[PDB]
Every structure is written in C-alpha cells, then in structure tokens.
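Visitor: before the rest arrives, take these chains from my complex:
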Amino acid sequence: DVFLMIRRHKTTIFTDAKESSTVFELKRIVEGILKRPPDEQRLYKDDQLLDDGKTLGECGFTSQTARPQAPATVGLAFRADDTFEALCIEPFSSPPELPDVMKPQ
Amino acid sequence: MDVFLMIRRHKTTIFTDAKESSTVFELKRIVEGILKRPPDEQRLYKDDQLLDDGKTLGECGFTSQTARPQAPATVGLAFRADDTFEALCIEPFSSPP
Amino acid sequence: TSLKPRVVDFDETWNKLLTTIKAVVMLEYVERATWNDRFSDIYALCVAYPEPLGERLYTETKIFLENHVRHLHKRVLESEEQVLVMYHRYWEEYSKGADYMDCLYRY
Amino acid sequence: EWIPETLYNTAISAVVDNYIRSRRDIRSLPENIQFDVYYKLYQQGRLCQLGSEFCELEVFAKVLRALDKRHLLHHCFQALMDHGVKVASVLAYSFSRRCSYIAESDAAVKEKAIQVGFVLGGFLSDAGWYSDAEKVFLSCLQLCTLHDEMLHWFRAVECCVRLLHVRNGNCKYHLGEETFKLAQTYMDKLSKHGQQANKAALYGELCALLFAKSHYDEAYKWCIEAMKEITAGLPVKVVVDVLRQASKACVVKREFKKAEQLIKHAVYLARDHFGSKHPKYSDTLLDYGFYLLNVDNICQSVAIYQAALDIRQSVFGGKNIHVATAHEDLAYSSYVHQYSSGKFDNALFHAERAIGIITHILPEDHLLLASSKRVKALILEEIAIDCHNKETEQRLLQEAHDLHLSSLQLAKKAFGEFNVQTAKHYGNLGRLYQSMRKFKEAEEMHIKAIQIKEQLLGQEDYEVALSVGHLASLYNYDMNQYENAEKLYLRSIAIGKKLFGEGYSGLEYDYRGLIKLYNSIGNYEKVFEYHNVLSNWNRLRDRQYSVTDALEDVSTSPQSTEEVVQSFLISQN
Amino acid sequence: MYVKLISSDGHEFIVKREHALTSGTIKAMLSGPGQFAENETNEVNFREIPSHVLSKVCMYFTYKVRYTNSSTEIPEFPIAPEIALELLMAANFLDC
Amino acid sequence: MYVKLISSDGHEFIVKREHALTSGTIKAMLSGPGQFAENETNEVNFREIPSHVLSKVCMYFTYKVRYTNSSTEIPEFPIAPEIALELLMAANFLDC
C-alpha cells in the first residue's frame, strides 16, 4: 500500500494506491477527482513518464519511500488540448528559517 | 609607592610605572628611552591639561590608589614640529559591543 | 575580524600556512608580520565552525613533516662521502625548524 | 604564595556573572572555553542555569568533545541528575527525535549523527544511564540499518557491541542474546564481503551477559573466544574490558591461576592509560576485588573495593548506579571480612547507601535491587544474631526475610527457577530460616539450593561446598542430625582443601562444627585429631597474614599484552 | 625590552617584554623568525584583537607581573561585563 | 468523498473526506452552509493556514487514518523543527 501526492500545478491529490497496482489505475483514480480521462494525462516521477503497463513497484514507488508520514510526490499534466505541458509543480512555501543558535553572530 | 601610567599619544598607548615621589622629568626620560624624543620634545597632558616639566607625580593629581596596575591613569602626550606644539589626538580605543 | 569561531575553509588557509611553514623549517627567512598572522591562522583552524579543523591540521602537518623528512633523507642519501657534514647541517636546520614550529603550533 | 588568577579564569568568572545577558553568545565559543563557562556555572552552584543548557543536544555535544575534561563533565552530569532535571532522558529523547528525521538524508549528515550518537551513548553508558544510553544506541543502529553499504555494517556491529554493554548493565538479559545474534549476523554480512571485523569486544560483552545469567560454562568458552580475538591494534578500553570479563569468567570456574594474571594485567593496563582516577580503572578495581574475594583474600578485597568506590564517588557524584554497585560490592566484602569480628557498622552503612541509590534511580521491579537488598539482608541477619534483644532480633530477621523474598522473586522473574543466583538466594533464605528458628523451612530451602546448584555447577563445586557447609551447620547445631551433618561437613572440607588448599577460611567454620558434632556423639580420638587439625589451620592462617596491598602487587610492567593473553590461551590445552 | 602589541585597529601598546611574556602565545610570537631584535623594540601584530580588549590584556599583564608572589591582598581584575566575553576569547588565544 | 483543502497561498490539497473529518474544525466547516456540495469536492478555505503547513496537516490526516488502531508499534509523525511552531497553531485551530 503506497501513498502519493499527485501535484499538477497547485493541487495536491492525497491518494493511496496498492503497491502492486499499475500506473493506469493511478491515472484512473483522478477520474473521480478532476474528471479528466486518463488518455489526456501523464504522470511524472521527477521528469519520468509513467506508462500504463508498468506497475507502481517497478517505477520506484516502494512502500518504504512513500510512507503515509512523508508520501512521495508525482507530477501530472493534462495535455492542454493536444500537446502536454511541462511540470509546473510550484513549491509549497518557505517556512520561517529559525536562526541557528550556534551560528556565530 | 608604585604608580602605573598608560601614557597615550595617537595610536601609541605606552605603558609605564613610576613611584609617587618620581618626577615628570623621569617620565620624559622613559619616553626618550622608548620613543627616542628629547624631554623638551614632549609635554605631558594630564587630563587634557598641560603639565609642568618639573614637580612630582605625588601632587600631580594621581596617586597609587587611583593608578593601580589593573586600572592605570591615562596621560596625554604630544610633540612639536619645532613650533606651535601640536595638540594631542588621543582617540578612543573601540566601542564595546 | 574578531577572535570568534568562523566558517574558514581549510584549503586556502592551509596553503597560506604551508608557504610559511616550509620556510619556518630549514631556517628560511619569513616576514615577521606573516609569522604573526600564521598564529591567527592556526587559531582559526583550531576553533573553526561547524567542526574544528584541529584534527585535519594535525594530520596535514604530520603528512608534510613526513614528506619533508623523506625529502631530506633522499637528499642526504644521494650524496656520498660527504653525508656526515650535510646531514649535520640538515639536522641543525630541522631542529631549529622543529622548535619554531612548536612555537607556531602552540595553540 | 597568593598567585593572581589567570586572565582566562578571571574572565570566566566575569562571563558567568554576566551569564543571562550573554547566554546566546556563549554557545558561539570554542569548545574548551564553552565547557569552562558551564563548569564554572556548576562550581558556582547555578545548576538550573547550567541544566537548561545541557538539555539541548547540540549544546551538550560540544562539551562532550572536551575529552580532556570529561572527569569534570561526568561530575556535572551527575550533579544535574541529582538536581532534579532529567538531562539523561532528555538528551536521549532529543537524539532519537533529531535522529529519526535525517534517516533519508545524505551520508555526511548521517555520519555526523552516528558520531554524535557514539559520543553521547558512550557518555551515558559511562555515567550509568543504561536505560537512556540504549535509546541513543538504538537510534544509531536505526541509522546504520538503512543503507546496506560497507561502513554501515562496521558501524552497526559497533552499535550492537555498545548495546550489549548498556543491556548487560541494565539487566535486560533477554534482549542481550537477540542483540548478540543481530551483531553476529552483521559480522557474517561483513565476512561475505571479504572483511572481518574484530570480534573481541562483542565476545567480551557476551561473556558479561552469560556470566550475569550464571552460565559460567558458556561464559568461559566465550571469554576464550574473546581472548583469542584480541589483537595488537585493539583500543586499551576494549582489551581491558575483555581481560576483566575473562578474569570474572575464569574465577567463577575456579581457574584462579589464570584469573589472577588476567585481572592483574587488566588493572595494570587500566592504571597506565587511564590513570588512578578513571571510571575504567574503577571497573577493573571492582573486578579485581571480585577476584580477591573469591580466592579467600578478603582483607585485600575490602581495601580494593574501598579504592574502587572512592574513584566512583569522585568521578561521579551521589545517586549513581556505578557508585551504587561500588557500595553494594564493598558492603558484601566488608560483610564477609567482618563476619567473625561482628563489626557490621561500615558494611551496613554501605549496603544502606546502595539501596538508597538504586531505589531512587531504578524501578522497584529491577534486578539490580536483588543484589543490594540481599547484601543488606545478610548484614541485617548478622546484626540480629549479635543483638542480645529478642524484639530487635525479630524485627531485623523479619526485615531480612522480606528483603530475601523480594530478591528471590526478582531473580526468579529474571533468570528462572534453575539459575545459580536463585540457588544463592535459596541458600541465603535457608541460613535466615536457620536464624529465624524455622528449621524445617531452612532444611527445605537448603535442599532446594543443593538440588538446583549441583546440576548447574560441578558436583564438587565451591558453591556446592559452601551450601553443604550451611546445611551441615543447620543439621549439626540445630536439627541434631548427626550423620548427614558429618557427611556434608566432610564434603565441604574436602572441596575446600582441594580448591583453596589448607588456607581456606571456611575450613575453621567446618572444623568447629564438626568438633561440636563429635563432642555430641563421642569418638574423642576424632575430637583430639581435629583439635590438632584446627591448631594447624590456625598456624597456616596466621602465617598467611602477609596482606600486602594488592594495588602495588600488580607491579610495573610484569608482563605485556599478547603475553598474558598468549599464556592464557596456551594454558587451555 | 618594550614589545609593541599592535591591535586590529592599529593601536600600538608598547609594554615591557617581561610583562608580555606572561602569555604563552606572545612568548611564542617573539620566539623564532619573529624575534627581530631591532632597536630594542619589536612589534607583535594582532590582526584579530581589538584595541578595547588588547588594552585590558596589557593592563592584566601589568597587574599579574606586579602581583607575583605578593602576600598583599589581591583585588579582582576589573573586567567590564560588556567586554568580558571578548576578553575571555583573548585570554584563551593569548594563553594569558 | 473528496474535499479540497485550499490553503492561504492557493494550494488545493485534495484529501479524502474520511481523512478530513479527523480534525474537528474541518468537520465543523463541512457542516451547515459549508456542506453545500459545490462542484463535487467541498472547497475549504484556510486563509490563515499556509501551504507548507497544510501539506503536513493532510499528511497527518492520511497518517492517522491509516495508522489508527494499529497492532504494531506506531512511528512518530515527523515534524521538522522549522515547521513545528506553525504546525502547532494549525493543530490547535483544526482541533486535530
């Protein structure tokens, strides 16, 4: 059982998939969320097309590195009209950088 | 009794010691033996006020109880280019953070 | 600057240290201001941040001294029938250098 | 002479007096300076200002890098734990929490965390906080069991070596075998890659584990393995630990000739590298006192424990488990030394100090009580017999009975019904019921002790000898069984003279009882010849009162490393 | 005989060598190639010691030398709390 | 069965509705006028909760829901030191 963060531009789908389930079910689970067919979308594990045939365990989504505490992100594009777009995954925010008390100042 | 002095002239902060009964001319002798200038070349400035070349350190205005080695009494010093006896330019050490 | 721990890079500081240390041994002239600044370099290496570079400085000094004694050994061995005199002068130079490097590495 | 103070120590006092307004900037100081400010805070008695900065793991990591002034750091830490702040548990939890976050980080950060964990766990194990050093070492192992690379097996087997030392001392013997199996698995993983880690420390820790569970047959084999694994490149601490554990395993199988060499070499190595004021030297002194107490050299053993405790009261402070173990070891040695004299004033004071520390720092259901309590439960018995009153005698015997029952329950819960420690508790209970005039219960307890100990140890083992001596004293003086007492006294005398020779101290306590037996039954020729035997024993006893101090008996360089080890190994054939 | 302890601000702090040798680091700086016994006075350039703390160090040199083996009551060195932390860093580096 | 936890920046953390009702405040926001099923997912606005902390909140939702009544020993939720204070106020406001 593997937990993911399917981010496209600013959305962040918090889904849970079986370790043995393939990428096609991961694309089809978005049908009930953003209502767009799996044909017109492709996933992205850090600039890596995730094809329908290969399973989630093959493409590095092991349950050790995508635990619920820190799920592993995966990109997405919705093809626009006919040509897919680049990963515009925006970073969340910069938390207030607490100063290091051991830093000499 | 021992009296400790922290004679200062510009950046120079020469440290010295002399007895209470010691004379200002002895301080001139010390500066001559260190800064290589004749006693008439300099006149000491105790608390930005001119000091006579004679007299003694006991009645000068400082004594042992106010010139202890752990807190020496500062003394000004200046030279001259044969005339006009250019004024002292004691600068502060630094600003403690 | 100030006498505080600071993020100092060991490479360039050790190179500046070595250009002086190679002359501290074998009795070669160095500038007095340079010799006095190498003390601050030793201190900055020893109290560096995040991790003090005293271990690295000691290891590099050991490696340099081993290399220097090896080079002196090669220069002594390559000369024959005069080995004693030039060995003695090399030993005098290296003893003075050892004393002065103990002075320099006091921190 | 009134030498003025150094500007360093004068500015340290000025910095401490200005501590609040310059607390943040002190953390940005060299490690040698920063430790001295905190040591001055401890010296001035400002523990709360010091304890609020030792609670942070990163601030305590810099004072841990001052390896020179570690004897002062141990004393400051023990002051903080006695103060009330639980810095040992706070630092352990902080390390585990900050450790679980960088599990996926790079190799440099994980290496830094592993080094910090080794220094912190070594400090907390040296200070005696084994329940808190285990969490640090568990987190270090958790880092090590992430990437199956080369150096990670070495660091993980080092973690598992250090987990046995913090589990043997914490009396977690059930987890000790599992930790050793995991370490041996990682050594096998190393051996699959053509690299053999040095297994001396692990086998010494396993020997400590098996001696603790009273498995002396296996403990001797594993200490033989550890001594075979000792090389020249071992650290002094590791070889000292292996040597003293091998001595403790050799003395309990009654190989005194080899145990003396091992422990004298261990004491010599501890005094050379560490000094006369080091925790490891004190540990070697405790094991040397264990040797001396087991070989009927009790008068020297008391002085050795007294030297061992005085190191632990100086390096550490008050309520510490190491000081407590030194107290409970010195209390028993003073008990056995002053058994004939009856002056159980220092022995009771030391046994009361041990319980007053262990109860404060350990849970009431912990195994380390079962030692301290029983030691008191011995002394309280002998004070009860010496006291002419009946009310005080009854009260003391009831208190000793409660302590012995508690210790027996702890030993049964930890080891089981068929352990040597349980047999010792049964023998002590038999002696107590003899003192409590419950003669049937004393007989049953002594029979249970004999049945448990005879199969576990040898048929003619020393412990069986002293326990049949106790049973013969019960049968002779109390139960008036004049034949079983005779045969058991003969067994005890035979084993004592076989093992310790004619100088064994229990020989007089057997001869006097046997003379009383024969006076009760007759055969005055036997009484006369045993009076002659007792006179000869007294002669040999007063002749062997040289009692030269064993601290200098180890001498200066009598032999060297891999010579005592080699002699011990070759002597095994 | 009068070393010239130059601070980081350019201040010269001419003080007797007997006093300055009470600190191990200055004794080390005056030993070796940095001896340079020219005109009886030789400078010791401290590139990272400010003047306001080097003055206190020199005053401590005079304080400690004058109070060697003295049975007279020894008052505490008046270290101002505003410079106590810097002086401490200048008391470890100088070994004074 | 999905709800769109919009943060202050604009990040639309679409988490399952069963996970979101772990927090009392989100369950209250999805009750009353907030339960009106606009689109399919109920857009919950969090104008005071940034994205770098709402992501951790949603991760905690999917962590607690998965790890509830766990038989095995449960691992602690990883909260970074820089996020801990902002995730403390977000945990109080959301009553999770």
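Guide: Cool, got the structure. Numbering: from 1, shown residues only, chains lettered A, B, ... in the order given.

Visitor: and residue D:477, how many neighbours?
Guide: Neighbourhood size, residue D:477 [other CB atoms under 10 Å in any protein chain shown]: 14. Every residue, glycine included, has its C-beta placed from N, CA and C.

Visitor: equivalent analysis for residue D:512, please.
Guide: The burial count for residue D:512: 14, using other CB under 10 Å.

Visitor: ok, and the closest non-adjacent residue to residue A:67?
Guide: Leaving aside its chain neighbours, residue A:67 sits nearest to residue A:3 (6.7 Å; criterion: CB to CB, 6 or more residues apart in numbering or on different chains).

Visitor: quick check: bridge partners of the one you found?
Guide: Under the criterion DSSP bridges, residue A:3 forms beta bridges with residue A:16.

Visitor: looking at this, residue A:31 is in a helix?
Guide: No - using DSSP: H, G, I helix; E, B strand; the rest coil, the assignment for residue A:31 is coil, not a helix.

Visitor: returning to that earlier point: so how far is chain C from the residue nearest to residue A:67?
Guide: Going from residue A:3 to chain C by CB to the nearest CB, to the nearest Å gives 35 Å.

Visitor: separation between that residue and residue F:78?
Guide: 14 Å (CB to CB, to the nearest Å).

Visitor: cool, residue D:339 as well?
Guide: Residue D:339 is 59 Å from residue F:78, where distance means CB to CB.

Visitor: kindly report the same for residue D:463.
Guide: Look at residue D:463 and residue F:78: by CB to CB, they are 53 Å apart.

Visitor: tell me which of those two has more neighbours.
Guide: Neighbours per residue, other CB under 10 Å: of residue D:463 and residue F:78, the larger number sits with residue D:463, 21 against 17.

Visitor: give me the neighbour count for residue D:342.
Guide: With other CB under 10 Å as criterion, residue D:342 counts 11.

Visitor: throw chain G on there as well:
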Amino acid sequence: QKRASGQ
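Guide: Chain G, in position alongside the others:
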C-alpha cells in the same frame, strides 16, 4: 559462629 558467611 555456627555457619559460614552468606554467599
């Protein structure tokens, strides 16, 4: 005394 020291 009657018996040996407690083990």
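
Visitor: now that chain G has been added, could you go back to the neighbour count of residue D:512?
Guide: By other CB under 10 Å, the residues close to residue D:512 number 16.

Visitor: wait, it sits on residue D:531?
Guide: No - using CB atoms under 8 Å as the test, residue D:512 is too far from residue D:531 to be in contact (10.3 Å).

Visitor: give me the common contacts of these two.
Guide: Residues touching both residue D:512 and residue D:531 (CB atoms under 8 Å, 6 or more residues apart in numbering or on different chains): there are none.

Visitor: in a strand, residue E:5, correct?
Guide: Yes - looking at residue E:5 with three-state DSSP, it is inside a strand.

Visitor: mind listing what the closest residue to it other than its chain neighbours touches?
Guide: Nearest residue to residue E:5, sequence neighbours excluded (CB to CB, 6+ apart): residue E:13, at 4.0 Å. Residue E:13 sits next to B:13, B:15, E:4-7, E:51, E:54-55, E:58 when contact means CB under 8 Å, 6+ apart.

Visitor: angles on the backbone of residue E:13, please.
Guide: When read as degrees, to the nearest 10, the backbone of residue E:13 gives phi -130, psi 50.

Visitor: now the strands for chain E?
Guide: Remark: strands assigned in chain E by DSSP state E are E:2-6, E:14-16, E:43-45.

Visitor: ok, now how distant is the residue nearest to residue E:5 from residue D:201?
Guide: To residue D:201, residue E:13 is 55 Å away according to CB to CB.

Visitor: pull the number of nearby residues for whichever residue of chain C sits closest to chain B.
Guide: Using CB to the nearest CB, the single residue of chain C nearest to chain B is residue C:2, 9.2 Å away. Residue C:2: 15 surrounding residues under other CB under 10 Å.

Visitor: could you do residue A:79 as well?
Guide: Close neighbours of residue A:79, defined as other CB under 10 Å, add up to 14.

Visitor: ok, residue D:291 - contacts?
Guide: Residue D:291 makes contacts with D:247-248, D:251, D:256, D:259-260, D:263, as judged by CB under 8 Å, 6+ apart.
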